[PDB]
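See below for the structure under consideration.
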Amino acid sequence: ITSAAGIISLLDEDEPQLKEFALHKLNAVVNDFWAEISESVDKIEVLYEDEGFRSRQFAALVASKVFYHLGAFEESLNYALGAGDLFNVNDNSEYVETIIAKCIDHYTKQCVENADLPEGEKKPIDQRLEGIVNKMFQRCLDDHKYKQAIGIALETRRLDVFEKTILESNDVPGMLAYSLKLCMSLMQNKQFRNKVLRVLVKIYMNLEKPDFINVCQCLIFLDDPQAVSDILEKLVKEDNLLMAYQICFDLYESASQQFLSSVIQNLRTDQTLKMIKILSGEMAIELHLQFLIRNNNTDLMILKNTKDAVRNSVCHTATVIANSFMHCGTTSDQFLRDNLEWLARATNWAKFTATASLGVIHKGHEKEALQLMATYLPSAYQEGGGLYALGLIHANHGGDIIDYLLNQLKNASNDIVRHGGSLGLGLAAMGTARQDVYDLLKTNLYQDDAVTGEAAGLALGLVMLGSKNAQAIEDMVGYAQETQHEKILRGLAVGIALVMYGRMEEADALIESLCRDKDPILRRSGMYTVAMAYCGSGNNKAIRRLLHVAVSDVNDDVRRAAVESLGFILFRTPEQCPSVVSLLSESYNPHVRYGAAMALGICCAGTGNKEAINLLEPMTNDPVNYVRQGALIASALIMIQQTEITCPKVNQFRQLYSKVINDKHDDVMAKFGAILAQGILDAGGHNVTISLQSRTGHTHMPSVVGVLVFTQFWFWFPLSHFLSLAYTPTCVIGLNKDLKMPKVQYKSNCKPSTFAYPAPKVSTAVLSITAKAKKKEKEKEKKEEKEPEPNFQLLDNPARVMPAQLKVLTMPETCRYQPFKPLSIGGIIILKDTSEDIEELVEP
Amino acid sequence: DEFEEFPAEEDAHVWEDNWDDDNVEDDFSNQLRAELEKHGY
Amino acid sequence: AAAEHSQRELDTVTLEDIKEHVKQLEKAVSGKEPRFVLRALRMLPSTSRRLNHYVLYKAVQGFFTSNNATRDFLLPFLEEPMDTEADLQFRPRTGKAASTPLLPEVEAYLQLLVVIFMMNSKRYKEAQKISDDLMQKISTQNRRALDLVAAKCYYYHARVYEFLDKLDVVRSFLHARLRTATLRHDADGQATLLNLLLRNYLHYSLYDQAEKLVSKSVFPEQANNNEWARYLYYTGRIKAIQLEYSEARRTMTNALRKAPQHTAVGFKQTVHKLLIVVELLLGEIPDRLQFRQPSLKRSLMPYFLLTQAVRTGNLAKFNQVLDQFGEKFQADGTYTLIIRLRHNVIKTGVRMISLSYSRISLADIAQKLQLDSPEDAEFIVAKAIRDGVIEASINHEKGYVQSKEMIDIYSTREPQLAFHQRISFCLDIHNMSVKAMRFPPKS
Amino acid sequence: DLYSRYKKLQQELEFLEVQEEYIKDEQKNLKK
Amino acid sequence: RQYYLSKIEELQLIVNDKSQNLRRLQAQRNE
């Protein structure tokens, strides 16, 4: 029957043998009578506590089971761990399942702490506890699918098992791709991220034919320039070439200029000259330039109805900035050439935007530009504009242009020309960290000429981009709480913002020091520094730091830079973000509402989420003028390159943009969003898209910087063009050899139809005899009586495919020539050339 | 939710009845008759 | 027959009720709210009846029918109807839905209905095989919602074993099955299992074993009213036997207050049975409005003659009642408690004397309680004073039991403390109301 | 998918906590 | 594989109540 618990009387006795039969028996009946044995405890505990008992390792099991039944898990593992063999190894019963769950649950907590303090101070880990987990680790390895233990592997650090799991049978190296993706996306410790990456690279190298595409992509995050340099050299010496090219062509499309400048330098220490030529970015712009020029199609009609609808207000700058988008990187300045007298209807600063607008239009023009800029615009503003215009053409890639810009900035009127000059030089040597440029930029900043400062500050930040230069941050801020001329602070606010781009923990002091300064401009710079320093990784700590200021702080400008700054840090996961701001976007002060729209815009770079859009739908009717302005821009920013089929509101907004612009009694500010929105929708002739995220999951430093300084257009219209940086041609080049541009014919998967390139009184009753005449008149009338569609688009190497359709693209298997780098991710890819008789060269 | 687990295992007088009523004792007049007679004599 | 035609109409409506349950059951699984199931499970007792063999067959031929072995398990265990004229194919699962394995909620729900029908059909073993397999199915099933549907089946499974009249085979099973819930932070399943387990314990009189289980275990505070009422009775039964009388009344009266207004004529019958006997042993004459109530009128009439005995204190009358009605008490499981009273009738009269008199001389206490000697009362007078049935002090210098001089409480801190327990609950009610408020995710 | 579901869920919980904290603040600040 | 899935199935209940909670707090706010 077993309806009693007097056995505990046996354990009260003194015969060591008699205890064993009692202790054994309880463990055979503890699963039911956990009650009485709970009061025993000490009795069973002392048996294990005593080192002389013959079967102590059995005492703990029974005692551990009693505690597991009772529920004090904190003590259940302790005794479970003390025992061995029979303790839990059985790995069969529910009590085992609950104890093992904690034990592997307990293990991770220690290991996470240990990896924090590995300088000998690391707290010890019990071998039995490690024994059980690794036994489990040895269990999870040999049981079933390893794509699970890997997750538990990296869940509790333990890199050894991580390497063992993937290196083990692992079915296929496909689980390596699964692990890699998890390491990039769902890893929140950089120090671990580096350690995970080292494992992922090391597995890459030992492979028979190492995946060069992933390894270089893996390395970039790991920040290993020299390591990639040696890889490049061996690939060349092994006569790989073909695979070497994409590794270079994929490299320039993700890495930073400092990374490249270092990687290029290693190589210098024939083909390598080709390698240098393509890593520096000569080729990408040229092909990207050849694409946009060859595939350009901008509907000039949209501008015309906006140019004629302009009431001669300050929206003349809007149309001058609107077209810059509609022809960014297209060299098709027909509109400015065509409408010339009107272009001159804007004077003073707008002349500075126009002169700049020419630069963005010739985006990525390179060598011809230097003369090109002097030809059209050879006036303090105009000359200041041209020098700023010159920088846009050579943005991120100045090289030689920097030396000319340095010389030209020095010789200037110490006015607008200096303002444009610093912005141009800063943009040109963006991230170069060059000391020579930085020293000159400082002198202009120390000039303290107001308008000069607003550009020197940004130029100071951009040149020091991501450098963490202790001198720059101390120097930049030291000017902030020591200068009048709020304008100079406005540049410095963003200027010191970009100096901390992507460190993501490294300073975290400017983020806290700035957020406490009384000067509201510096606060905003502190909030932006959260955006530039935490771009991508949606650190829940920061997002809580930043939403706080947007709800409590008083100076409304900081509040906006609070809500807006969310997007930069949540942009890697556009799903969460349309929910976080969904309620911010109706806050009582219209400034916070504005931040919601820009937050929604930057947040959703190019996705037609239709969830962010619907939030902006009601906003576009908002009573405040600037809340409305941001709404359209935020809508237009997310809705770039998307046809009514892709998102069912794109065509709805377009007529709303037309209606707002063509209206006469809306404030100019709403119109400025309208005009700017028009340019966003058709930027680059429907051939570019804005996506801060890089093709391979990286954070695009040129693109992310572009939006942040663009959002600072509320304080300066001429900054507006900085969004040109965020336009990445959504293109796939079929480059097979170094220079060959074969007329590859490859196909897509537009299922039900094609999309992409879009667009090119009353009868009075008189009922007396109306019906009788009509009914008699009818009597007189009687008397009188895609399946083969595009998605097989025969497109040259410059074929425009939007990000959503980079996957539905069908490999050019039908064509004799097929790509060797996997042709499903847009960009520049190497066409795997088939047998001889190579032809179809394209070089217009 | 009848608790079928616990089995659900003349005097139709309306008035609510108090404990003291059940008490069995001789009528009041006989008490006073005794009490008055006892102290009366 | 039109009775069955309404029955199949009842079947279809029960199927529609089930389909409502299954659609709600399938609703909760994808609705992300286990609350939905509770509605279907409360209709369960209502839909528990009103079903014959055609009901389940068409239900199981309407539900499931994925060709799964499930059909092969309960279809044989229930009589199958003939080629009925009204073959309303009630398949909430159509093709792919049939192809998709039934969610652990609906399958148990349908299987429980078979289990219920098994009970309704007295087929506790086919249900046993059904049910343990149900458990053998739901034992592995680890969802969050199935714990609810599992909890209902458990008591029925405990109930199927309950009619099986073993209760030890499930003593262990319900004893271990409980531990599965607690290691899941599950709310309802832990509650339902414990009550069935305890009923198991009292049914064999292992009060010692039971008293432990409540000692270590913690009953989920956010528990079903129905369950909260049950656990309070079983704890009251345990506490009363353990001689913790004063707490027995507080829980039992609280257990009674939680009875489902007017559905459970029985539970109110038994609790009142203990409350009346429990109260007597503590020295309080129970409420008279009890013994006149309709449902408890004849049921408690056996206890009625007792409570009249205690107030009368006529021991000869008290023994006479135990001689006659005593035997019936055993079945109620109370005879033992009454036996305590027989040698405790003196306490109340000691309370009656302390409630009215304030300085009664001991010799007088002996006269008014029938105590043999003035000396004997002293131990009893002190003892009642000692045991906190009185609030008096016996000044032995001159043999008078002084009662405590009562104070103006409103000027002392008692009223504030009584208001605190009140306000804390009142504020908590606001938080509990506001805390849920179940604003549906704005559609 | 055993690990995959795990990180998305825990990330959601951590992020939903931030929404709670912000909303708790804004309710307080609005009351002001 | 069982513990790794039971753990996700309890954190799922907690997030579920949080989501129902966040909806309410959004409702208390917008009013």
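Read-outs: derived from the displayed coordinates by stated rules, not from any lab. We place every Cβ from the backbone using ideal geometry, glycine too, and count neighbours over all the protein chains shown.
Tabulated data
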{"read-out": "C:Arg143-A:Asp50 FRET efficiency (beta carbon distance; Förster radius 45 Å; 0.05 resolution)", "value": "0.50"}
{"read-out": "Euclidean distance of C-alpha centroids, the stretch A:447-505 and the stretch A:22-70, integer Å", "value": "68"}
{"read-out": "Under Karplus coefficients 6.51, -1.76 and 1.60, residue-wise ³J(HN,Hα) of the stretch C:134-146 in Hz, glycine/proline x", "value": "2, 4, 4, 6, 7, 4, 6, 3, 10, 4, 8, 6, 4"}
{"read-out": "Gyration tensor (alpha-carbon) shape descriptor, the stretch A:675-773, a/c threshold 1.5", "value": "oblate"}
{"read-out": "Mean residue ellipticity (222 nm) of chain C, computed from DSSP H runs ≥ 4 via -39,500 (n - 2.57), nearest 500", "value": "-22500 deg cm²/dmol"}
{"read-out": "Assigned charges on the beta-carbon of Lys, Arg, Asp, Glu; chain C dipole about Cα centre (debye)", "value": "700"}
{"read-out": "In sequence order, calculated HN-Hα J values of the stretch A:61-70 (Karplus, 6.51, -1.76, 1.60; Hz; x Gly/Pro)", "value": "4, 4, 4, 4, 5, 4, 5, 5, 4, 4"}
{"read-out": "Positive-end extreme of charge dipole, the stretch C:115-256 - chosen from C:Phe163, C:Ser215, C:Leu134 (charges on Cβ)", "value": "C:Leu134"}
{"read-out": "Overall form of chain C per C-alpha gyration tensor (a/c, 1.5; a/b vs b/c)", "value": "prolate"}
{"read-out": "Top positive-direction residue, dipole computed over the protein assembly as shown with Cβ charges, set A:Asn589, C:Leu25, C:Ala69", "value": "A:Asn589"}
{"read-out": "Kirkwood Rh in Å, taken over all unlike Cα pairs in the stretch C:47-110", "value": "12.2"}
{"read-out": "Computed label-point distance, nm, for sites A:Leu186 and C:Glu4 using a 7 Å Cα→Cβ extension", "value": "5.6"}
{"read-out": "Qualifying trypsin sites (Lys or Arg not before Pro) in the stretch A:58-149, DSSP loop, other Cβ atoms within 10 Å at most 14", "value": "A:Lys122, A:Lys145"}
{"read-out": "Prolate/oblate/rounded call for the stretch A:710-819, Cα gyration tensor, a/c under 1.5 rounded", "value": "oblate"}
{"read-out": "Under-5 Å amide H pairs with A:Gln693, H placed in peptide plane, nonlocal only", "value": "A:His700"}
{"read-out": "Calculated diffusion of the protein assembly as shown, Stokes-Einstein form, Kirkwood radius summed over Cα pairs, 10 °C and 1.306 mPa s, µm²/s", "value": "41"}
{"read-out": "Where labels lie 7 Å past Cα in the beta-carbon direction, separation of A:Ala509 and A:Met205 in nm", "value": "3.5"}
{"read-out": "Coil-residue trypsin sites (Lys or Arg not before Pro) of the stretch A:501-549, DSSP, other Cβ within 10 Å capped at 16", "value": "A:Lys518"}
{"read-out": "Two-site FRET efficiency, C:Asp372 against A:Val41, from Cβ-Cβ distance with R₀ of 51 Å, rounded to 0.05", "value": "0.55"}
{"read-out": "Under 5 Å, built H, 5+ apart or other chain: amide partners of A:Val688", "value": "A:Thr730"}
{"read-out": "Dipole-positive endmost among A:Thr643, A:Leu616, C:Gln261 within the protein assembly as shown (Cβ charges, Cα centre)", "value": "A:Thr643"}
{"read-out": "Karplus 3J(HN,Hα) series, Hz, for the stretch A:125-131 with 6.51 cos²θ - 1.76 cosθ + 1.60 (x for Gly, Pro)", "value": "10, 5, 4, 4, 4, 4, x"}
{"read-out": "Fully extended contour minus Cα-Cα distance, from A:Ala4 to A:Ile125, at 0.36 nm per residue", "value": "39.5 nm"}
{"read-out": "Net charge dipole size for the stretch C:217-354 [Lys, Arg +1 and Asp, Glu -1 on Cβ; Debye, nearest 20]", "value": "320"}
{"read-out": "Cβ-derived FRET efficiency at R0 45 Å, C:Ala316 paired with A:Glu94, nearest 0.05", "value": "0.15"}
{"read-out": "About the Cα centre, charge dipole magnitude for chain A (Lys/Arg +1, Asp/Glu -1 at Cβ), debye", "value": "3840"}
{"read-out": "Cut-off under 5 Å, modelled amide H: who pairs with A:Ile829 long-range", "value": "A:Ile733, A:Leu735"}
